[PDB]
Amino acid sequence: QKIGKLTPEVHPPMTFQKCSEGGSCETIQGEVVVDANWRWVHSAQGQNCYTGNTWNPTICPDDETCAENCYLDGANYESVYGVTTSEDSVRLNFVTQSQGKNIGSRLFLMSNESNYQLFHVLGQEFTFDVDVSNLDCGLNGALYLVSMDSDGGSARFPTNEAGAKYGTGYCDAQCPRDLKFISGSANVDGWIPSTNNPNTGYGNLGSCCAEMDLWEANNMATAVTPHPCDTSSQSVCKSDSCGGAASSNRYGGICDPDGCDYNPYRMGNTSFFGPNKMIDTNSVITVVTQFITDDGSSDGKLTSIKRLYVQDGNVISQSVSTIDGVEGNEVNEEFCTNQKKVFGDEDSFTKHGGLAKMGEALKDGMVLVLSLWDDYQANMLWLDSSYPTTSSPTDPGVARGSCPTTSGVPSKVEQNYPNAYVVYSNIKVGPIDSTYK
Ligand SMILES: *[C@@H]1O[C@H](CO)[C@@H](O)[C@H](O)[C@H]1NC(C)=O
């Protein structure tokens, strides 16, 4: 993609920490940018190349014809995207009405005005605060990590003039093919619109990389879920060999679309997480995620992922599983293989290399992604309700949270909770036990 400057591209700033020593963690001046797929992509003078769920064929009859003609512009962060930042905090609003309707956002955390901050968390801990008290069911405030190129994949593909500064180069473990630009190219060929999402279609190119979902949550539920791939770093896949949750053939690619997920509710403890629960979603939460390596080293093999929360002067560790026979409260090889078995779920995790392969991704730095969105594909029922709905709520793995099966319908959540928002803050990356104090 080429760059247009009808509106200047000004990143909202946000500080985070690196705890090199203990221990009074020291600041760093980051800045956040929005995924380019949320941006306006217009001709020279001056119409849209892409509208809703499709490309304009007079401007874009193919990848290069399209890419030659199309420009990516600045984002009005507060006005159109409901995105604002202050000190060490960032706010994402669900529905924003300007002169046009926007829904959610996906943001990336930079060091500079040209580079995504890479986080090397292996043998470390990543810690953050978050406010999910304003979210509700059918909504997902995700904070996660993906093996994106630090420069947005501008070096590796010459046709990408925009780079990280304009939020380019996204990938995750779904090998999404709804991205407008992938590996420099415009993703025009074989475009089909999605059957029920008006903001999305699917092209021949998908964008694959390892993804560690530290946090996918609303006030009714949460889940931490590593997704390894065969090729960890950015890779292009083609057509349905991309796999991903977004197709029928989700297990047909190089990435794990399902993950080894830990949902406190799904592992049987339904009093642990919710409004007025042990972990109170009406109050701010500190969430701690430690990545234990083979020999306690930032270059060792990843053996387990641990979860502590800090709320009201209580370091509370992750609720223990209560399902026979899935013991413990931490995602490790033992846990994941058992989890997948007792729940009759396809163990794509182990097939795509389990924790060892995730370790490889984390070893190379990863890019932090902050997002808010609703779910045309599955109505967020897999996060916060009974799933699949056909199944029995009493069968193990089925119940993920309290929400009714009738929740999560995109346009019903957009009418009921358009003003929902998530606030992430207080980001820190330092040695184990050296962030939460
Ligand atoms: C749920 O988890 C909390 C906090 O770990 C624990 O104190 C409580 O006893 C657990 N209860 C059940 C039923 O699992």
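Side-chain atoms are counted along with the backbone in the values below, which use heavy atoms only and exclude waters and symmetry mates. The chain is numbered in sequence order, starting from 1.
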- Under 2.5 Å between SG of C209 and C255: no

- Message: Tell me if the NZ atom of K165 is crowded by more than 12 foreign heavy atoms within 6.0 Å.
- Response: no

- Message: Applying side chain to side chain contact (heavy atoms under 4.5 Å, CB included) to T303 and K301, what does each step give before you reach the verdict?
- Response: CA-CA 6 Å; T303 337; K301 186 192 318 196; 5.7 Å; no

- Item | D131/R91 under salt bridge (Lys or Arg N to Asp or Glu O under 4.0 Å): CA gap, chis, key distance, verdict | CA-CA 9 Å; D131 193 332; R91 170 170 175 163; over 6 Å; no

- Can you label the angle between the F16 ring and the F119 ring as parallel, tilted or perpendicular, going by 30° and 60°? tilted

- Where does the angle between the aromatic ring planes of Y50 and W191 fall among parallel (under 30°), tilted (30 to 60°) and perpendicular (over 60°)? perpendicular

- Do the non-hydrogen side-chain atoms of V367 and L118 ever get within less than 4.5 Å of each other? yes

- Message: Would you say CD of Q47 has more than 12 non-hydrogen atoms from neighbouring residues, nucleotides or ligands within 6.0 angstrom?
- Response: no

- Query: Between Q234 and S207, is any side-chain donor less than 3.5 angstrom from a side-chain acceptor?
  - Reply: yes

- Measure the CD-OH distance between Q45 and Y71 for me, rounded to the nearest 0.5 Å. 7.5 Å

- Task: For a side chain to side chain contact (heavy atoms under 4.5 Å, CB included) with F94, tell me which candidate from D136, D374, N102 qualifies.
- Result: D374

- Message: Under 2.5 Å between the SG atoms: is that true for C208 and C175?
- Response: yes

- Message: Quick check on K238: does its NZ atom have over 12 non-hydrogen neighbours (other residues, nucleotides or ligands) under 6.0 Å away?
- Response: yes

- Do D213 and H227 come within less than 4.5 Å of each other through their side chains, counting heavy atoms only? yes

- When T435 is tested against each of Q290, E125, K428 for side chain to side chain donor-acceptor pair (under 3.5 Å), which residue passes? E125

- Query: Any idea which heavy atoms bring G163 and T168 closest together, and the distance?
  - Reply: O-OG1, 2.8 Å

- Step by step, would you call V326 with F335 a side chain to side chain contact (heavy atoms under 4.5 Å, CB included)? CA-CA 6 Å; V326 176; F335 170 85; 3.3 Å; yes

- Does a donor on one side chain and an acceptor on the other come within less than 3.5 Å for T96 and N93? no

- With a 2.5 Å cut-off on the SG atoms, do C60 and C49 make it? no

- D324 atom CG, neighbour heavy-atom count above 12 within 6.0 Å: no

- Query: Taking everything shown except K18 itself, do over 12 heavy atoms lie less than 6.0 Å from its NZ?
  - Reply: yes

- Shortest non-hydrogen pair, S183 vs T159, comes out as O-OG1, 4.5 Å

- Item | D256/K351 under salt bridge (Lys or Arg N to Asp or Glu O under 4.0 Å): CA gap, chis, key distance, verdict | CA-CA 8 Å; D256 180 19; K351 285 180 202 185; over 6 Å; no

